[PDB]
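For reference, the structure discussed in these notes is given below.
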Ligand SMILES: [Ca+2]
Ligand SMILES: [Cl-]
Ligand SMILES: [Cu+2]
Ligand code: NA
Ligand code: NA
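Residue numbers (the deposited numbering): 1 to 133.
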């Protein structure tokens with residue numbers, strides 16, 4: 001139930017040869033899909049920015065999407081507690097210690113960005129991004 005089983009992917013801190021730009025553009029659509037399942041963040045990025053958008057036509061209460069980052073070990077807990085927190089809390093437990101970064105929940109035609117400190121990540125750790133809707 002909800003989007004997290006399908007709308008998820010890995011996020012990995014790596015030394016990308018030569019550096020990389022410090023953002024990613026990601027979309028969630030009307031078919032419960034993100035347009036990537038693997039994001040790499042370069043070590044030398046001080047901040048990283050995720051720009052989420054929602055193309056198509058369905059409203060937030062039917063096909064709402066957020067982008068939520070946690071350790072892979074913490075994902076299930078965040079999803080469970082987020083689902084229980086409900087639509088009016090953007091399907092996130094308020095102040096959840098396990099959420100490294102998150103956007104708001106968006107419907108069709110909306111956009112949201114989140115920037116976070118890359119020092120909150122560690123090489124070797126498994127991170128997941130996901131929608132908790
Ligand atoms: Ca935001
Ligand atoms: Cl659903
Ligand atoms: Cu979603
Ligand atoms: Na690099
Ligand atoms: Na980029």
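We put the CB at the ideal spot given by N, CA and C, even for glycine.
Close beta carbons around residue i, own chain, < 7 Å, minus the five adjacent residues each side
i: residue 47; result: 22, 115, 116, 117 and 118
i: residue 56; result: 29, 30 and 108
Residue i classed as buried or exposed, judged by whether at least 16 other C-beta atoms fall within 10 angstroms
i: residue 64; result: buried
i: residue 87; result: exposed
i: residue 1; result: exposed
i: residue 4; result: buried
i: residue 82; result: buried
beta-carbon residue i near ligand 2 non-hydrogen atom, thresh 8 Å
i: residue 75; result: no
i: residue 129; result: no
Close beta carbons around residue i, own chain, < 6 Å, minus the five adjacent residues each side
i: residue 136; result: Only positions 1 to 133 of the chain appear in the structure, and residue 136 is not among them; the question remains open.
i: residue 58; result: 30 and 108
i: residue 15; result: 43
Near ligand 3: residue i beta-carbon under 8 Å from a heavy atom
i: residue 109; result: no
Inter-residue CB distance, residue i and residue j (contact presumed, cutoff 8 Å)
i: residue 69; j: residue 91; result: Not a contact, Cβ separation roughly 14 Å.
Beta-carbon proximity of residue i to residue j, cut-off 9 Å
i: residue 131; j: residue 66; result: yes
Any non-hydrogen atom of ligand 5 within 8 Å of residue i CB
i: residue 117; result: no
i: residue 123; result: no
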